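Enquirer: Below you will find the structure I want to go over with you.
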Amino acid sequence: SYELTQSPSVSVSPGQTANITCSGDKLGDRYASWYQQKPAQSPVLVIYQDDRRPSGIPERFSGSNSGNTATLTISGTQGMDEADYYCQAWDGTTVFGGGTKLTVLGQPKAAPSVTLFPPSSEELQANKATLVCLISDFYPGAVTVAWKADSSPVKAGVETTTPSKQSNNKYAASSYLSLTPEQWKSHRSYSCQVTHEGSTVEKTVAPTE
Amino acid sequence: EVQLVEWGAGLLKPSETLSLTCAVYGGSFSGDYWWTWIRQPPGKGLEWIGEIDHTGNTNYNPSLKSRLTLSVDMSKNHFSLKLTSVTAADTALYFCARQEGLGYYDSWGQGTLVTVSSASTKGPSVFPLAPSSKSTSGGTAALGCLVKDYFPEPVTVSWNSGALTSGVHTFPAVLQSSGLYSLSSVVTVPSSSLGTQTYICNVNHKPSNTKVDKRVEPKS
Ligand SMILES: *[C@@H]1O[C@H](CO)[C@@H](O)[C@H](O)[C@H]1NC(C)=O
């Protein structure tokens, strides 16, 4: 099974150059293409065959495929370039990267506040268990959430919202971990770990609380 | 480039088979093009589903290759999709697209949303989120209500019958893989109040005619 890796979020100041990268084994042997996707809209081809630009795509978009990394370079980034960017590699078969959200900074960065609630005694009496991880006041509107059982990444049970804009123009998101009561009570702790702009906040709860 | 126009009903119940179609203007069903379907679950990335050429050869993504059939009506420059044994997990924005020479998708349809009504009207369970001072400013605590597994939207949440508005943050709901919604409402209050002020979240789910007033007590 073949895999292209891209980072989920990149931010750039207006007018600066944004680099969006995509890596995969022997990606240099494959032809890379890039798609720009704005909300509720069809992806738009911005680079194909590693470094070719369709007619009508601005010259500030360029691409390269070297060192087994495909890179989309946007020089002089403009507000209108804010979007999700997908790489794609083709050798006869098609694989897409997971997408990168590019934020063109319109205000200073704001780090998330994280509140984590354990399952309530009432829900455990109903034979269920939900951990609640609430994430607020962050900008860019992009976070990664990872849950841990003791120190191990969970394999299942996570539901996480896309970030939504708050009244104050920062963003909020929430993530829920569903467990059996037996899973909750048989570990020393569970953790919600939130990554934003390369910094991480981890909150942890324990059944003895 | 060519123009791709997809139609199809989006609203469909689960365990069934999904069917859509796409129409092509300015091109021809010849040469090396691969007529392609790609889908995008909400909040997620693009997932290549499958391709068909003008002769009718197909390639499907192994994850569903058993359950997916593509077809072409070469006469009217149409191609179509059929997916068997579906779920809410097939909820996604579905795009038709044309793959050109060296493996790039030059032309895309507008997308069609496949919202799958797996669920029916269901009122929420409401659980108290007992107060915690660990993540709040000095002298305050955060408490809330978990509003779990309801359908459809919306629910409303007030606190103390609307007397308590300062410091309330009701978060947008998550749409779970089950097809049901959950959300949380939290309020930050003075820690000194916890032994004397009663906190009740008023949850109203009009679609199911359900109301819950949940008392949120400190725990010891
Ligand atoms: C972007 O990546 C290219 C390589 O593709 C590199 O030459 C260039 O220096 C990078 N620029 C920035 C601003 O990261």
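As they're listed, the protein sequences go chains L and H.
With the entry's author numbering applied, the first sequence corresponds to residues 1 to 9, 11 to 29, 36 to 57, 65 to 72, 74 to 80, 83 to 108, 114 to 173, 177 to 234, in that order.
With the entry's author numbering applied, the second sequence corresponds to residues 1 to 9, 11 to 31, 35 to 59, 63 to 72, 74 to 110, 113 to 230, in that order.
Where a beta carbon is used, it is the ideal one built from N, C-alpha and C, also for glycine.
#1: How big is the Cα-Cα spacing for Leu153 of chain L and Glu99 of chain L?
#2: State yes or no: is the C-beta of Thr94 of chain L within less than 7 angstroms of the C-beta of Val53 of chain L?
#3: List, in order along the chain, the chain L residues whose C-beta lies closer than 9 angstroms to that of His86 of chain H?
#4: Which of the three DSSP states, helix, strand or coil, is assigned to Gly177 of chain H?
#5: Taking Cβ-Cβ distances below 8 angstroms as the criterion, which residues of the stretch 156-174 of chain H are in contact with chain L?
#6: So for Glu163 of chain H, helix, strand or coil by DSSP?
#7: Buried or exposed: which applies to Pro138 of chain H, given that a residue is buried once 16 or more other Cβ atoms fall within 10 Å of its Cβ?
#8: Answer with buried or exposed for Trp7 of chain H, where buried requires no fewer than 16 other C-beta atoms within 10 angstroms of its C-beta.
#9: Excluding sequence positions up to five away, which residues of its chain have a Cβ less than 8 angstroms from the Cβ of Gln3 of chain H?
#10: Under the assumption that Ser40 of chain L contacts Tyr114 of chain H (Cβ atoms under 8 angstroms), give the Cβ distance between them as a whole number of angstroms.
#11: Check the Cβ of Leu124 of chain L against every Cβ in chain H and list those closer than 7 angstroms, keeping chain order.
#12: Can you give me the C-alpha to C-alpha distance between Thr137 of chain L and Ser83 of chain H, rounded to a whole angstrom?
#13: What is the C-beta distance between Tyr215 of chain L and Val230 of chain L, in whole angstroms, given that I count them as a contact (C-beta under 8 angstroms)?
#14: Give me whichever residues DSSP pairs with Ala105 of chain H in a beta bridge.
#15: Among H:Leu174, H:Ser195, H:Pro141, which one has its Cα closest to the Cα of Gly205 of chain H?
#16: Helix, strand or coil, according to DSSP, for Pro217 of chain H in the structure here?
#17: Using the C-alpha atoms, what's the distance from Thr198 of chain H back to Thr208 of chain H?
#18: State the DSSP-derived secondary structure class of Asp98 of chain L, mapped to helix, strand or coil.
#19: What is the rounded straight-line gap between the Cα of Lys14 of chain H and the Cα of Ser127 of chain H?
#20: Would you please state the rounded distance, in angstroms, between the beta carbons of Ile53 of chain H and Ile42 of chain H? I believe it to be under 8 angstroms.
#21: Return the chain-ordered list of same chain residues with a C-beta closer than 6 angstroms to the C-beta of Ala164 of chain L, the five sequence neighbours on each side being excluded.
#22: By the DSSP assignment, the alpha helix (DSSP H) with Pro206 of chain L in it spans what residues?
#23: Just the Cα atoms here: how many angstroms apart are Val226 of chain H and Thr99 of chain H?
#24: How would you label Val5 of chain H, buried or exposed, when you count the other beta carbons within 10 angstroms and need 16 or more for buried?
#25: Please state whether the Cβ-Cβ distance between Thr186 of chain L and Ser203 of chain L is less than 7 angstroms.
#26: Would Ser135 of chain H and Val167 of chain H be called neighbours here (beta carbons separated by less than 7 angstroms)?
#27: Is there a Cβ from chain L that is less than 7 angstroms from the Cβ of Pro182 of chain H?
#28: Please return the same chain residues whose Cβ sits closer than 7 angstroms to the Cβ of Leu190 of chain H, not counting the five positions on each side in sequence.
#29: Within 7 angstroms of any Cβ in chain H, is that where the Cβ of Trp41 of chain L sits?
#30: How should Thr205 of chain L be labelled, buried or exposed, when 16 other C-beta atoms within 10 angstroms of its C-beta is the threshold for buried?
#31: What are the start and end residues of the alpha helix (DSSP H) that includes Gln44 of chain L?
#32: Please classify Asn20 of chain L: is it buried, with 16 or more other beta-carbons within 10 angstroms of its beta-carbon, or exposed?
#33: Quick check on residue 245 of chain H: buried or exposed, where buried means 16 or more other Cβ atoms within 10 Å of its Cβ?
#34: So, are the CB atoms of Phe87 of chain H and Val80 of chain H less than 7 angstroms apart?
#35: Under 6 angstroms: does the beta carbon of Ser77 of chain L sit that close to some heavy atom of ligand 1?
#36: Report the residue from H:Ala97, H:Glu1, H:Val213 whose alpha carbon sits nearest the alpha carbon of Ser188 of chain H.
Expert: In short:
#1: 33 angstroms
#2: no
#3: Ordered by position in chain L, no residue passes the 9 angstroms Cβ test against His86 of chain H, which lies about 19 angstroms from the chain.
#4: coil
#5: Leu156, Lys158
#6: coil
#7: buried
#8: exposed
#9: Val25, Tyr26, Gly27, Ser117
#10: 4 angstroms
#11: The contacting residues do not exist; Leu124 of chain L stays about 14 angstroms from chain H at best.
#12: 59 angstroms
#13: 6 angstroms
#14: H:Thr40, H:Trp118
#15: H:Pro141
#16: helix
#17: 13 angstroms
#18: helix
#19: 5 angstroms
#20: 6 angstroms
#21: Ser9, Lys123
#22: 206-211
#23: 36 angstroms
#24: exposed
#25: no
#26: no
#27: yes
#28: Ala129, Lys132, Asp159, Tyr160, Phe161
#29: no
#30: exposed
#31: No alpha helix (DSSP H) holds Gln44 of chain L; the beta strand (DSSP E) holding it covers 38-44.
#32: exposed
#33: Nothing about residue 245 of chain H can be read from this structure; chain H reaches only from 1 to 230.
#34: yes
#35: no
#36: H:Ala97
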